[PDB]
Amino acid sequence: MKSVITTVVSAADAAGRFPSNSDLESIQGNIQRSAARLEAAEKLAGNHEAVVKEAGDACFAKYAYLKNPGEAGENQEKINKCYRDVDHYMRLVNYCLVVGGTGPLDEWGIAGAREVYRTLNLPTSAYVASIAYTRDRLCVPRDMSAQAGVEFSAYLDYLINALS
Amino acid sequence: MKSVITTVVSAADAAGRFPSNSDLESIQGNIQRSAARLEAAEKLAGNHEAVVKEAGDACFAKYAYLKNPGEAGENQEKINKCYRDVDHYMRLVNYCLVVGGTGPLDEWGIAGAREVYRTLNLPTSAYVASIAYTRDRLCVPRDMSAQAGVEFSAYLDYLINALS
Amino acid sequence: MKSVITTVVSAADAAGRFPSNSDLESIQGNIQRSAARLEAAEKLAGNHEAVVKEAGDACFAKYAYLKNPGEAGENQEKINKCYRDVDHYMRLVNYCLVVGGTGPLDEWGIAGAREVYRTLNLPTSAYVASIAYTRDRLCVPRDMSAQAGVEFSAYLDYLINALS
Amino acid sequence: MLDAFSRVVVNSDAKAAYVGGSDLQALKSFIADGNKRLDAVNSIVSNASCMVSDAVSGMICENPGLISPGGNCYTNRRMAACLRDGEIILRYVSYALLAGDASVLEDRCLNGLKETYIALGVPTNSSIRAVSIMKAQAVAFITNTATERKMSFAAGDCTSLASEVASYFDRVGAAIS
Amino acid sequence: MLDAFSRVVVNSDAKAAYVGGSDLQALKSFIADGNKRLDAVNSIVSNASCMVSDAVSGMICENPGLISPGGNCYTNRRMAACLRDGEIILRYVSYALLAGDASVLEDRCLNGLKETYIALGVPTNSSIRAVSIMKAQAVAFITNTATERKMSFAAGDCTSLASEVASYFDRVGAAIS
Amino acid sequence: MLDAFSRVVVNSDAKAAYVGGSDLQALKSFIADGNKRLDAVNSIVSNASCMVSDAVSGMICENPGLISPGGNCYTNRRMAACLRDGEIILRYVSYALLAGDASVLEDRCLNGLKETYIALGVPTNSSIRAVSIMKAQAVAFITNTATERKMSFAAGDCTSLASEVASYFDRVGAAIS
Amino acid sequence: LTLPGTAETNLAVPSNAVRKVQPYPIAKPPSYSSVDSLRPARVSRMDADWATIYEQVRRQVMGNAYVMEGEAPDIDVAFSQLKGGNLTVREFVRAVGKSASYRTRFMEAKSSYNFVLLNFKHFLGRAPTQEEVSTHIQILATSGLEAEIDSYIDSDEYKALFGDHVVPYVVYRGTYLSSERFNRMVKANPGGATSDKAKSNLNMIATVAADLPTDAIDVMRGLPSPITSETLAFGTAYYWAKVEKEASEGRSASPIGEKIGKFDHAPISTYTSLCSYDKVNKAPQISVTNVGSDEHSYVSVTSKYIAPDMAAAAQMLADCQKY
Amino acid sequence: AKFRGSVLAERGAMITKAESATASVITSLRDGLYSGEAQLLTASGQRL
Ligand SMILES: *C(=C)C1=C(C)[C@@H](Cc2[nH]c(/C=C3N=C(/C=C4\NC(=O)[C@H](C)[C@H]4[C@@H](*)C)C(C)=C\3CCC(=O)O)c(CCC(=O)O)c2C)NC1=O
Ligand SMILES: *C(C)[C@H]1/C(=C/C2=NC(=C\c3[nH]c(C[C@H]4NC(=O)C(C=C)=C4C)c(C)c3CCC(=O)O)/C(CCC(=O)O)=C2C)NC(=O)[C@@H]1C
Ligand SMILES: *[C@@H](C)[C@H]1/C(=C/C2=NC(=C\c3[nH]c(C[C@H]4NC(=O)C(C=C)=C4C)c(C)c3CCC(=O)O)/C(CCC(=O)O)=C2C)NC(=O)[C@@H]1C
Ligand SMILES: *[C@@H](C)[C@H]1/C(=C/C2=NC(=C\c3[nH]c(C[C@H]4NC(=O)C(C=C)=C4C)c(C)c3CCC(=O)O)/C(CCC(=O)O)=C2C)NC(=O)[C@@H]1C
Ligand SMILES: *[C@H](C)[C@H]1/C(=C/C2=NC(=C\c3[nH]c(C[C@H]4NC(=O)C(C=C)=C4C)c(C)c3CCC(=O)O)/C(CCC(=O)O)=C2C)NC(=O)[C@@H]1C
Ligand SMILES: *[C@H](C)[C@H]1/C(=C/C2=NC(=C\c3[nH]c(C[C@H]4NC(=O)C(C=C)=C4C)c(C)c3CCC(=O)O)/C(CCC(=O)O)=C2C)NC(=O)[C@@H]1C
Ligand SMILES: *[C@H](C)[C@H]1/C(=C/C2=NC(=C\c3[nH]c(C[C@H]4NC(=O)C(C=C)=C4C)c(C)c3CCC(=O)O)/C(CCC(=O)O)=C2C)NC(=O)[C@@H]1C
Ligand SMILES: *[C@H](C)[C@H]1/C(=C/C2=NC(=C\c3[nH]c(C[C@H]4NC(=O)C(C=C)=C4C)c(C)c3CCC(=O)O)/C(CCC(=O)O)=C2C)NC(=O)[C@@H]1C
Ligand SMILES: *[C@H](C)[C@H]1/C(=C/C2=NC(=C\c3[nH]c(C[C@H]4NC(=O)C(C=C)=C4C)c(C)c3CCC(=O)O)/C(CCC(=O)O)=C2C)NC(=O)[C@@H]1C
Ligand SMILES: *[C@H](C)[C@H]1/C(=C/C2=NC(=C\c3[nH]c(C[C@H]4NC(=O)C(C=C)=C4C)c(C)c3CCC(=O)O)/C(CCC(=O)O)=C2C)NC(=O)[C@@H]1C
Ligand SMILES: *[C@H](C)[C@H]1/C(=C/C2=NC(=C\c3[nH]c(C[C@H]4NC(=O)C(C=C)=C4C)c(C)c3CCC(=O)O)/C(CCC(=O)O)=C2C)NC(=O)[C@@H]1C
Ligand SMILES: *[C@H](C)[C@H]1/C(=C/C2=NC(=C\c3[nH]c(C[C@H]4NC(=O)C(C=C)=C4C)c(C)c3CCC(=O)O)/C(CCC(=O)O)=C2C)NC(=O)[C@@H]1C
Ligand SMILES: *[C@H](C)[C@H]1/C(=C/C2=NC(=C\c3[nH]c(C[C@H]4NC(=O)C(C=C)=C4C)c(C)c3CCC(=O)O)/C(CCC(=O)O)=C2C)NC(=O)[C@@H]1C
Ligand SMILES: *[C@H](C)[C@H]1/C(=C/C2=NC(=C\c3[nH]c(C[C@H]4NC(=O)C(C=C)=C4C)c(C)c3CCC(=O)O)/C(CCC(=O)O)=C2C)NC(=O)[C@@H]1C
């Protein structure tokens with residue numbers, strides 16, 4: 001959605017011009033970066049259930065007060081929706097690593113979150129604690145490459161800056 | 001300030017163009033009409049003490065109730081305002097014959113007049129009878145010429161229609 | 001579409017006012033002018049085969065480079081459209097002397113003319129070479145009267161000033 | 001705005017005087033020389049594209065530091081804006097020649113041109129030269145003494161319109177100074 | 001609005017699935033012939049003013065009743081809009097060749113073009129001839145088989161980029177008929 | 001509005017000169033140390049909501065006369081409008097760091113800001129302290145000498161980017177004052 | 001009331017604390033537009049008088065309101081300061097939109113979707129998209145009436161098209177940002193004697209600007225174009241479709257049958273269960289309340305309720321390989 | 001007209017080539033070429 005390609009074919013469309021020589025030069029930078037972030041997305045796609053069951057309970061280790069009766073974890077089935085909420089964010093991190101920008105994160109996960117989590121009383125501080133843990137469990141030669149770990153970590157703290 | 005010259009130069013300025021042939025020949029109609037309306041303006045200028053005293057008492061000879069107490073005429077000066085208020089309306093008709101349009105009658109005599117006389121309780125029907133006495137006074141070889149009297153009649157019942 | 005009549009009934013419609021004594025005076029000027037422009041419209045509409053044949057090759061005697069290969073009129077079907085392109089413009093001058101304004105020349109001959117001739121690579125200087133030949137060819141007592149040739153030569157350099 | 005027929009009725013409105021036959025003889029003589037005024041706007045607007053382009057090219061060829069980099073008529077965007085600025089001025093003069101007084105040149109064009117050209121950086125002394133060439137072209141077109149163009153006129157004198165249109169072109173130079 | 005990378009993630013959000021590894025080598029092959037996609041858009045947009053003038057005037061020469069009084073390309077006012085109408089079409093099919101799918105073509109140009117043209121009087125089966133001349137011009141440029149302008153490329157084969165740019169020109173004729 | 005490459009070609013346009021081998025070499029070093037510039041923007045925009053919440057609350061702990069009534073950051077409404085005021089300034093600085101000069105910062109953020117804060121009564125000396133803590137925060141993250149967070153880079157010297165970002169933050173302080 | 005020279009109020013960007021009023025009106029957009037040569041000219045502040053300006057504000061910004069001589073005294077106050085130089089005609093339509101006369105005939109008498117559709121017609125002279133609707137309808141839930149009107153006038157679209165000295169009007173551009181942006185502008189803006197007053201809901205553009213599909217009906221677009229573009233299409237050819245359209249735009253027929261919601265039903269002879277088609281899919285709607293001794297447990301036979309055709313997916317989706 | 005159209009590019013290109021030679025012989029004469037002791041020892045280099 002908000003990729004490299006759509007942000008230059010919509011600026012050509014609003015001025016009413018053909019794709020220029022500077023518009024093709026932005027797609028040239030999409031060539032050299034695609035080796036880094038599609039091995040950061042292929043790594044996340046085959047490892048996704050392991051990384052959300054270790055970043056999901058980093059919320060509950062840190063914020064353990066929200067398992068009391070009266071809070072956002074009353075029973076067992078809310079905690080399985082609490083893992084379902086954090087598996088949705090890792091899918092959109094995987095979708096925004098394929099596309100090349102923050103397209104799927106902005107239109108599907110960020111927009112509307114200020115009103116849903118406020119009215120359903122789910123704390124944004126305890127969503128950030130699940131995303132800040134998996135940013136810091138990454139070390140750049142073990143899990144991926146060097147620049148694969150940059151662009152995986154670049155879309156994670158964009159989500160933390162959006163939610164806080 | 002609304003004649004045949006200022007309606008074509010404020011219509012060509014709105015489109016941003018030079019005075020073309022349709023603008024140049026609508027002022028040809030201000031050449032072959034001005035022999036009549038400048039004749040009828042000269043007869044109004046040299047007779048304006050006479051044609052307000054034939055006409056201004058006609059509102060008191062017909063709407064006779066205004067000279068009663070608690071009314072629009074109590075003293076001689078309020079009657080002397082009424083021969084002054086109609087002499088302004090004969091001065092502006094003299095202004096319309098020399099300009100060649102309905103310029104000074106709109107900008108000085110008609111605009112604002114409906115929310116003056118409603119406030120000050122002056123009847124507009126007692127204005128019209130002083131104008132409509134003057135409209136049927138026209139005797140076509142006697143007062144002015146035959147084509148001078150047509151344009152003199154036209155500005156008088158534009159004023160009646162704006163006061164009706 | 002742009003006349004003496006249409007400008008004064010659109011200035012009245014924009015204010016929401018009646019036909020006053022101003023715009024009645026301006027169509028008086030359409031009476032004294034249409035004796036003189038309807039014989040320029042009559043002289044053009046019975047002599048138009050001769051006046052576009054001798055104006056078309058005043059273009060090609062000034063610009064003989066247009067008959068070269070790759071240029072604007074390079075074969076006989078493109079030379080025949082040039083004499084059609086000139087005859088289209090002389091017919092709209094005949095419509096402007098009948099209407100009495102620059103109406104048919106504006107919306108059928110001039111609007112979009114700069115877009116078409118820059119896309120199809122037609123020189124506008126070789127269009128004004130055909131129009132300004134007929135402006136200078138006109139003799140004042142021979143071809144028409146004096147004031148028929150004032151009106152004929154005024155719509156010709158309306159067309160020159162819109163193309164130059 | 002105001003034409004010559006209604007300039008004399010705002011003077012009569014300041015004393016509430018009926019405009020009679022004393023000051024009408026100036027204004028009956030307006031319609032006597034009324035065909036001469038209509039041939040004089042026709043000789044201006046027929047040659048109006050040649051008058052604009054010759055005036056700015058004579059301004060360029062007498063001050064050629066406007067074409068130098070950092071000049072004001074430097075690029076294509078600024079030379080086209082000077083040609084567009086210069087045909088506004090010829091348009092609003094020919095309204096005021098057709099009306100009779102300059103009450104539309106002063107309110108619709110010149111009211112706020114001096115402080116507009118200072119905030120833009122337009123040189124004012126070159127703008128006097130572009131309208132003084134246009135003043136010299138206009139008095140050569142309505143007195144029929146242009147060297148490369150002759151139009152067909154009736155016989156008579158037309159020097160009281162040439163002195164009138166020189167006063168309209170000198171009001172332009174007095175406002176932007 | 002969507003490129004080829006966003007097409008496969010709105011196909012995999014519908015299954016609630018991650019974009020894995022077998023749905024990437026059809027997308028890593030998009031990047032590998034990515035320099036030929038960039039040369040193919042460049043050879044359309046370079047000689048594109050010759051494309052929309054040869055297509056419209058070659059549509060005129062096969063139906064010369066659009067030039068007759070009553071045709072829809074009669075005056076200068078309508079011919080200037082027809083040459084402008086044709087280069088919106090060439091603009092949006094080069095946005096769709098650069099991106100890799102026709103979602104900016106299907107949304108911002110073709111959704112509502114049929115009801116625009118029916119309400120305005122445009123002959124909708126003479127407009128398909130101007131798009132089908134433009135399809136023949138575009139596949140002769142990105143296979144370097146034009147007879148009057150050759151361009152300089154590397155050696156190889158672009159017959160699948162020419163095969164999908166014909167599939168965007170066919171989508172214009174199917175949204176208009 | 002401009003970047004570092006178009007700052008070069010507006011200097012050569014003043015002399016009507018071709019930009020060639022003398023001052024091409026200053027641009028070939030801009031491209032060569034160009035991945036250093038893109039890591040340095042990326043570290044600013046990744047710590048941006050901690051960085052603006054610490055510089056505004058750092059301004060409060062310097063001067064606690066803004067929490068008393070009569071203060072300008074007194075209310076709950078004015079604390080949100082100051083914490084939004086300070087992240088506009090961070091957003092236009094990171095445009096100017098990514099571009100290469102401070103002409104996006106002059107035209108779109110600092111035009112009329114001095115006249116706004118005077119007419120609002122926003123105190124000037126408390127605002128320079130708000131961007132000075134943002135200046136000390138910016139040079140810590142892009143020389144990687146931050147005490148609470150360390151990011152992974154390749155090794156080398158980036159001190160001339162950190163001397164360029166402090167000239168952008170000193171441009172904001174000089175125009176507010 | 002403010003000051004005898006002001007160009008902008010309320011200080012939304014910092015660059016209006018230094019901004020001057022424009023000395024001259026802004027030019028037209030520089031694309032071609034063959035339809036704009038068949039249109040009347042722009043009414044601006046410099047060329048027109050105050051009889052032309054107050055009529056053309058009432059013809060575009062107020063629709064056709066039929067404002068009487070005593071009613072709207074608040075617009076007479078804001079016109080008294082327009083003539084004094086205290087606010088521009090950009091600020092004069094901001095005072096008109098935040099007045100109580102604009103509220104009582106467009107806000108509190110129309111609907112909520114329908115209020116946003118008229119504001120693009122009155123202030124911008126076009127019709128929105130669905131993404132433009134849903135950002136202007138959040139301001140009517142979280143910030144009220146006056147912050148919604150302030151987003152049109154302070155937009156970038158307003159100041160490029162009209163600026164400070166031009167009355168709003170229907171701009172014909174040539175190149176549009178989508179082809180559906182053209183023919184929804186023309187549909188929303190017809191000519192004389194139209195007056196969106198007792199048209200109590202639009203209901204045709206209220207469902208066409210709810211889909212980025214459903215390009216609307218071409219006889220609502222061939223109608224309000226300028227003539228000499230639609231002669232030889234309106235003798236008696238498409239003319240009768242215009243007659244039907246104007247009898248069904250007035251009285252406001254709902255498009256649940258023909259335009260949105262499109263269920264090709266079965267044949268009539270293939271069922272013959274409950275006899276006639278008039279009463280075929282009727283089943284009763286029963287609602288009880290059970291509060292004390294005031295209930296009115298009224299069973300009504302409701303109408304032909306149709307399949308949602310959107311809530312049935314879900315079906316063949318929630319049970320595709322599952323269930 | 002067809003004959004000129006086919007030879008216009010041939011003719012202007014051969015005139016540009018003849019003037020590039022004159023410009024080269026003038027900068028070469030001033031640059032010290034043709035002043036050598038081996039050029040003045042010939043009879044055709046004395047005429048030049
Ligand atoms: C450059 C160094 C340079 C010029 C460019 C040119 C500018 C210039 N022109 C005049 C005088 C006139 N120009 C006229 C215009 C036209 N003549 C025509 O017949 C056509 C229709 C039209 C456009 C070419 C006219 C009529 C005049 C007046 C002379 C005359 O009677 O013919 C001036 C002098 C103005 C002045 O300074 O008073 C200048 C500077 N001249 C250049 O030197
Ligand atoms: C001074 C500018 C000229 C000049 C002018 C004279 N014109 C005379 C008569 C005349 N002129 C026109 C042209 C004009 N009238 C129109 O209605 C229109 C178009 C709508 C135009 C362009 C006409 C029709 C007439 C005939 C009327 C008549 O002859 O009375 C003229 C004769 C005296 C006079 O009418 O005042 C003069 C002197 N002649 C010149 O030599 C200079 C260059
Ligand atoms: C501009 C000249 C371009 C260019 C364009 C090409 N045109 C191609 C084919 C083509 N052109 C026309 C129109 C032409 N034929 C006519 O009969 C008439 C007039 C009556 C005209 C103007 C047609 C009909 C076609 C064929 C379309 C089809 O087959 O469906 C073309 C491709 C084939 C070819 O090379 O001829 C191109 C590239 N050619 C150029 O070099 C400049 C850049
Ligand atoms: C958020 C925690 C960031 C972060 C920010 C940094 N802050 C840096 C310096 C700094 N911070 C403050 C405010 C703080 N000090 C106080 O005394 C009070 C309360 C009264 C507060 C809230 C001040 C005053 C300063 C110093 C300003 C200056 O030096 O001119 C800073 C630079 C120093 C350092 O590297 O530690 C940074 C990077 N630090 C982080 O890592 C997270 C992401
Ligand atoms: C880098 C900081 C350290 C290091 C850390 C260790 N990580 C260990 C296990 C581990 N790490 C992750 C997250 C990681 N795996 C992924 O698949 C992805 C995303 C693609 C990420 C960021 C997870 C989920 C786990 C658990 C098991 C696993 O999947 O690998 C680990 C083992 C200790 C343990 O069992 O917890 C260590 C020591 N290792 C290093 O070499 C550098 C210093
Ligand atoms: C006489 C036939 C009427 C009549 C006349 C009165 N008019 C009074 C005041 C008045 N009239 C005007 C309009 C007048 N003034 C102008 O300047 C012009 C046009 C240039 C016109 C037509 C104005 C503005 C005013 C108010 C100013 C003033 O006080 O003079 C008036 C006095 C009203 C009062 O004192 O309450 C009278 C009596 N009223 C009549 O009884 C007959 C019907
Ligand atoms: C024509 C319809 C009749 C006729 C009528 C009479 N009018 C008489 C006197 C008179 N008329 C006016 C108005 C007139 N004078 C003007 O100065 C102007 C406008 C500029 C007009 C319309 C006045 C002021 C007077 C009084 C005397 C005077 O100053 O002229 C009149 C004599 C007495 C009377 O009945 O009012 C008659 C008979 N005369 C005719 O011969 C035909 C039949
Ligand atoms: C002759 C002196 C010219 C010249 C003329 C050519 N005009 C060509 C095409 C053309 N012309 C127009 C405008 C004209 N057609 C109209 O219908 C009307 C108004 C009713 C006017 C004024 C149009 C719109 C077109 C294009 C439509 C078409 O192709 O018929 C033309 C053909 C160009 C081509 O083949 O591509 C020529 C050659 N060319 C000359 O040599 C001098 C400059
Ligand atoms: C030419 C090859 C065609 C033809 C074209 C005409 N199109 C006319 C007007 C027009 N076209 C569009 C669509 C265009 N504008 C856009 O913004 C987009 C998509 C983003 C597209 C595709 C619009 C919206 C309009 C009208 C609005 C305007 O012009 O401002 C047109 C003018 C009709 C007339 O006035 O006579 C023509 C002639 N018609 C043909 O005959 C051939 C087949
Ligand atoms: C098919 C349309 C052509 C053709 C295309 C090929 N191009 C090949 C390589 C190549 N192409 C470009 C042009 C393009 N890339 C850009 O980045 C930009 C501007 C931003 C443009 C205009 C470049 C730079 C390269 C270099 C890559 C390289 O050589 O390593 C190519 C080789 C295979 C490939 O690289 O994919 C082909 C086949 N060749 C043809 O013969 C048809 C006509
Ligand atoms: C906080 C660290 C400051 C401080 C900030 C305040 N700013 C207030 C309002 C305000 N700020 C701007 C400028 C900003 N908006 C932009 O769009 C751009 C760039 C394009 C910039 C730089 C504007 C235009 C406004 C007025 C709009 C508004 O009122 O929201 C503000 C609110 C004032 C109030 O109403 O109380 C505050 C508190 N003030 C401080 O004391 C510290 C130093
Ligand atoms: C008259 C004695 C009729 C009658 C008339 C009513 N018409 C009402 C409102 C109305 N009429 C028009 C059309 C008119 N206005 C225009 O601007 C144009 C053309 C340019 C025309 C032909 C419009 C547009 C409107 C609504 C505008 C507004 O609200 O002011 C009307 C008002 C209805 C009401 O409020 O009750 C009436 C009563 N009704 C009759 O009974 C006789 C037959
Ligand atoms: C009457 C007893 C006075 C007097 C009044 C005049 N006021 C004139 C124009 C005018 N007045 C205002 C201020 C008014 N408008 C407002 O919105 C508010 C407060 C919210 C107020 C107090 C404005 C803005 C204007 C200009 C707009 C307009 O009405 O045209 C005025 C017209 C002047 C003229 O052109 O002749 C008058 C006569 N003047 C007096 O002599 C007494 C003291
Ligand atoms: C939730 C209980 C429903 C459901 C709701 C959705 N409504 C969506 C959009 C929408 N709703 C309205 C009507 C409402 N909004 C208003 O502003 C007003 C009054 C002025 C009313 C009555 C409108 C007008 C709109 C469109 C504009 C907007 O976004 O608010 C909606 C979004 C659809 C989408 O784009 O995906 C949803 C999901 N849908 C459900 O499934 C449950 C049953």
Side-chain angles (χ1 to χ4, degrees), chain C residues 55-60 63 66-67 71-74 77-89 91-92 108-110 112-113 116-117 119-127 129-130, chain D residues 46-47 49-62 64 129 132-141 143 145-150, chain E residues 53-54 56-58 60-61 64 66-69 71 73-80 82-83, chain F residues 46-62 64 129 132-141 143 145-150:
Chain C
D57 42 25
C59 161
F60 289 108
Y63 306 111
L66 290 161
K67 283 178 289 193
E71 309 295 320
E74 45 174 347
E77 56 257 20
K78 280 172 169 82
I79 289 163
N80 279 334
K81 286 181 170 196
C82 170
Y83 287 81
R84 185 205 51 139
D85 285 350
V86 167
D87 195 23
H88 273 140
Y89 276 122
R91 196 170 42 94
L92 304 162
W108 295 335
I110 287 163
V116 167
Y117 303 159
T119 314
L120 269 68
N121 307 312
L122 306 163
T124 43
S125 47
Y127 268 101
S130 294
Chain D
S46 311
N47 306 277
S49 285
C50 194
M51 275 180 61
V52 161
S53 85
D54 185 86
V56 57
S57 318
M59 175 201 86
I60 285 307
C61 84
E62 287 166 14
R129 195 40 189 152
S132 90
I133 295 163
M134 284 182 184
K135 184 178 74 181
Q137 290 166 331
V139 307
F141 269 134
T143 60
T145 184
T147 56
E148 314 272 335
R149 177 89 198 268
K150 288 298 183 315
Chain E
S53 86
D54 210 55
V56 170
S57 53
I60 285 297
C61 80
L66 311 153
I67 294 303
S68 289
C73 286
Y74 171 53
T75 38
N76 263 333
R77 202 190 51 94
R78 299 226 158 92
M79 184 47 86
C82 181
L83 304 150
Chain F
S46 313
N47 324 288
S49 58
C50 179
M51 185 168 156
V52 75
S53 83
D54 191 70
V56 173
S57 79
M59 176 203 61
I60 296 303
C61 88
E62 295 283 305
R129 194 47 190 153
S132 284
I133 300 167
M134 289 189 115
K135 181 165 77 174
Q137 273 157 335
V139 301
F141 282 130
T143 50
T145 62
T147 53
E148 285 100 31
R149 183 164 185 269
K150 295 285 205 298

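Order of appearance sets the numbers: ligands from 1, and atoms from 1 within every ligand. Basis for what follows: all heavy atoms, side chains included, without hydrogens, waters or symmetry-related copies. Sequence lines set the chain letters: A, B, ... in the order given, protein chains first and strands last, and positions in each chain run from 1.
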Engineer: Does any N or O atom in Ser57(F) lie less than 3.5 angstrom from one in ligand 4, N or O only?
Structural biologist: no

Engineer: Kindly confirm or rule out an N or O of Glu148(F) lying under 3.5 angstrom from an N or O of ligand 4.
Structural biologist: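 Yes, at least one N or O pair falls under 3.5 Å.
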
Engineer: So which protein heavy atom does atom 23 (C) of ligand 4 come closest to, and at what separation?
Structural biologist: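 For this ligand atom, the closest protein heavy atom is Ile133(F) CG2, 4.1 Å.
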
Engineer: Out of curiosity, is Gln137(F) lining ligand 4, as in a heavy atom under 4.0 Å away?
Structural biologist: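 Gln137(F): in contact with ligand 4 (<4.0 Å).
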
Engineer: Indicate, as side chain, backbone, both or neither, the part of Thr145(F) found under 4.0 angstrom from ligand 4 when only non-hydrogen atoms are considered.
Structural biologist: backbone

Engineer: If you take the nearest heavy atom of each of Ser132(F), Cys61(F), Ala146(F), which one is closest to atom 19 (C) of ligand 4?
Structural biologist: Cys61(F)

Engineer: At what distance is the nearest protein heavy atom to atom 36 (O) of ligand 4, and which residue and atom is it?
Structural biologist: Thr147(F) OG1, 2.5 Å

Engineer: At less than 4.0 angstrom from any non-hydrogen atom of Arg149(F), what atoms of ligand 4 do you find?
Structural biologist: 41 (O)

Engineer: Only heavy atoms count here, so choose which of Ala48(F), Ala138(F), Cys50(F) is nearest to atom 3 (C) of ligand 4.
Structural biologist: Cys50(F)

Engineer: Quick one: ligand 1 N/O to protein N/O pairs below 3.5 Å?
Structural biologist:
unit_1	atom_1	unit_2	atom_2	d
ligand 1	9 (N)	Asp54(D)	OD2	2.7
ligand 1	13 (N)	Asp54(D)	OD2	3.1
ligand 1	13 (N)	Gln137(D)	NE2	3.2
ligand 1	31 (O)	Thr145(D)	O	3.3
ligand 1	32 (O)	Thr147(D)	N	3.0
ligand 1	32 (O)	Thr147(D)	OG1	3.0
ligand 1	37 (O)	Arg129(D)	NH1	3.1
ligand 1	37 (O)	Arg129(D)	NH2	2.5

Engineer: Could you pull out every N or O of ligand 8 that sits under 3.5 Å from a protein N or O, with the distance for each pair?
Structural biologist:
unit_1	atom_1	unit_2	atom_2	d
ligand 8	7 (N)	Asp85(C)	OD1	3.3
ligand 8	7 (N)	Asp85(C)	OD2	1.3
ligand 8	7 (N)	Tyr127(C)	OH	3.2
ligand 8	11 (N)	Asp85(C)	OD1	2.9
ligand 8	11 (N)	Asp85(C)	OD2	3.0
ligand 8	17 (O)	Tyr74(E)	O	2.9
ligand 8	29 (O)	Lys81(C)	NZ	3.3
ligand 8	30 (O)	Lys81(C)	NZ	3.4
ligand 8	30 (O)	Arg84(C)	NH2	3.3
ligand 8	41 (O)	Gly73(C)	N	3.4

Engineer: Show me which atoms of ligand 4 lie under 4.0 Å from any heavy atom of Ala136(F).
Structural biologist: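 The list of qualifying atoms is 28 (C), 29 (O), 30 (O), 32 (C).
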
Engineer: Counting only heavy atoms, which portion of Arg129(F) has something under 4.0 Å from ligand 4: side chain, backbone, both, or neither?
Structural biologist: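 The answer is the side chain.
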
Engineer: Do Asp54(F) and ligand 4 have an N or O pair less than 3.5 Å apart?
Structural biologist: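 Yes, there is a polar N/O contact under 3.5 Å.
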
Engineer: Any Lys/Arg nitrogen of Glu74(C) or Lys67(C) sitting under 4.0 Å from an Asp/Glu carboxylate oxygen of the other?
Structural biologist: no

Engineer: Can you list the ligand 4 atoms lying under 4.0 Å from a non-hydrogen atom of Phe141(F)?
Structural biologist: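 Reading through ligand 4 atom by atom, the close ones are 38 (C), 40 (C), 41 (O), 43 (C).
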
Engineer: Between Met79(E) and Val56(E), which heavy-atom pair has the shortest distance, and what is it?
Structural biologist: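 Taking every non-hydrogen atom into account, SD-CG1, 4.1 Å.
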
